[PDB]
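Q: Handing you this structure, nothing more for now.
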Amino acid sequence: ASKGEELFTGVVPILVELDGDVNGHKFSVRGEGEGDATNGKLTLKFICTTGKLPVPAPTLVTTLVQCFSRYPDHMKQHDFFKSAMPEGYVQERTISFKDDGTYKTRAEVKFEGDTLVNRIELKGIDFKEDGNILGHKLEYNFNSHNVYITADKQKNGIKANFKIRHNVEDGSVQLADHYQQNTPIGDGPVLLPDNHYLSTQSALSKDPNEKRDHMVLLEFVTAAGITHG
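Quick note on numbering: the sequence shown equals residues 1 to 64, 68 to 232 in PDB author numbering.
So, in structure tokens, the structure goes:
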């Protein structure tokens, strides 16, 4: 276990800020909500603050705070994300949409006072104008996935790999391969984990009273994959 884990024993407010540029289309997103790591639960509402999104909101879910995962007691020595708090971590990804473009993301996740804040820059290139992303052909929903984590000792952090399945309006699936690395911002002690995964489930909905382009998100995340003694 870690001292950072103590910052998560109750409900913690969350702020998310994203600046994005996909094929030259610039946009920003702000999210607000709260997380309950004891139960692996978070609730967030995101608004596009610059107009409407040039990509489907579901493609931004993974970019828009894995410190809120529930780690079972026998796995708490493997929770890198909380161990890096409060100073936080840098989270970087390459997201490769099969037969389409790529997102590159860099985020800082840290406590700013009492609030857990995720600040992101996202750049997307090579998207097809007639593809599922710029063509807005993805359904407004989200599947359950496993996020596979391994230690990166040389960088004092972790890597992760997973493949998101985005349902397409024609009944097919658009795959989005995720490659992830996380490294501490501060220089306090961290936990470098044995291999394990996060089992993630998400539900998207709408605020009926919200006129701006937006997304309401509920997520449950639980660590797994290390057998209890």
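Yeah, the Cβ is synthetic: ideal placement off N, Cα and C, and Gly gets one too.
Tell me which same chain residues have a C-beta within less than 7 angstroms of the C-beta of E111, skipping the five on either side of it?
A: As a working mapping, residue 111 is identified with position 108 in the sequence shown. For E111, where only same-chain residues beyond five positions count, the Cβ hits under 7 angstroms are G91, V93, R122, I188.
Q: How many Å lie between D103 and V171 at the Cα?
A: For the purposes of this step, residue 103 is identified with residue 100 of the sequence shown, where counting begins at 1. For the purposes of this step, residue 171 is identified with residue 168 of the sequence shown, where counting begins at 1. So the two alpha carbons sit approximately 14 angstroms from each other.
Q: How is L7 classed by DSSP in three states: helix, strand or coil?
A: Within the sequence shown, numbered from 1, the residue matching residue 7 stands at position 7. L7 falls in the helix class under three-state DSSP.
Q: Out of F223, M88, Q184, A163, which one is the CA nearest neighbour of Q204?
A: Against the sequence shown, residue 204 aligns to sequence position 201. Of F223, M88, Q184, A163, the residue nearest in Cα terms is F223.
Q: Among the residues of its own chain, which have a CB less than 7 angstroms from the CB of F130, if the five just before and after it don't count?
A: Walking along the sequence shown from the start, residue 130 turns up at place 127. Cβ neighbours of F130 beyond the five flanking positions: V22, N23, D103, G104, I136, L137.
Q: The beta strand (DSSP E) spanning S28 covers which residue range?
A: For the purposes of this step, residue 28 is identified with residue 28 of the sequence shown, where counting begins at 1. Where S28 is concerned, the enclosing beta strand (DSSP E) stretches over 25-36.
Q: Among residues of its own chain, excluding the 5 on either side of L178, which ones have a beta-carbon nearer than 8 angstroms to its beta-carbon?
A: Looking up residue 178 in the sequence shown gives position 175. For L178, where only same-chain residues beyond five positions count, the Cβ hits under 8 angstroms are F100, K101, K166, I167, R168, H169.
Q: For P89, which residues of its own chain have a beta-carbon under 7 angstroms away from its beta-carbon, when the five flanking residues on both sides are left out?
A: Reading the sequence shown from its first residue, position 86 is the one you call residue 89. Taken in chain order, the residues that qualify are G4, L7, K113, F114.
Q: Unbroken alpha helix (DSSP H) runs of length 4 or more, entirely within the stretch 76-123: which are they?
A: 83-86
Q: Pick helix, strand or coil for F71, following the three-state DSSP scheme.
A: In the sequence shown, counting from the first residue as 1, residue 71 sits at position 68. The three-state secondary structure of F71, taken from DSSP, is helix.
Q: Can the beta-carbon of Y200 be found closer than 8 angstroms to that of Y151?
A: If you number the sequence shown from 1, residue 200 lands on position 197. If you number the sequence shown from 1, residue 151 lands on position 148. Yes, the pair counts as a contact, with Cβ atoms nearer than the cut-off.
Q: Measure how close the beta-carbons of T108 and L15 come, nearest whole angstrom, since I'm counting them as under 8 angstroms.
A: Counting from one through the sequence shown, the residue named residue 108 turns up at place 105. Counting from one through the sequence shown, the residue named residue 15 turns up at place 15. The Cβ separation is near 17 angstroms, so there is no contact.
Q: Identify whether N39 lies in helix, strand or coil by the three-state DSSP scheme.
A: Working through the sequence shown from its first residue, we reach residue 39 at position 39. Helix, per DSSP.
Q: Which class does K166 belong to by DSSP, given the choice of helix, strand or coil?
A: The residue you call residue 166 lines up with position 163 of the sequence shown. DSSP places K166 in strand when its eight states are reduced to three.
Q: Buried or exposed: which applies to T62, given that a residue is buried once 16 or more other Cβ atoms fall within 10 Å of its Cβ?
A: Taking the sequence shown and counting its residues from 1, the one referred to as residue 62 is at position 62. So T62 ends up on the buried side.
Q: Could you compute how far the alpha carbon of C70 sits from the alpha carbon of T50?
A: Here residue 70 corresponds to residue number 67 of the sequence shown, with the count starting at 1. Here residue 50 corresponds to residue number 50 of the sequence shown, with the count starting at 1. Answer to the nearest angstrom: the Cα atoms are 28 angstroms apart.
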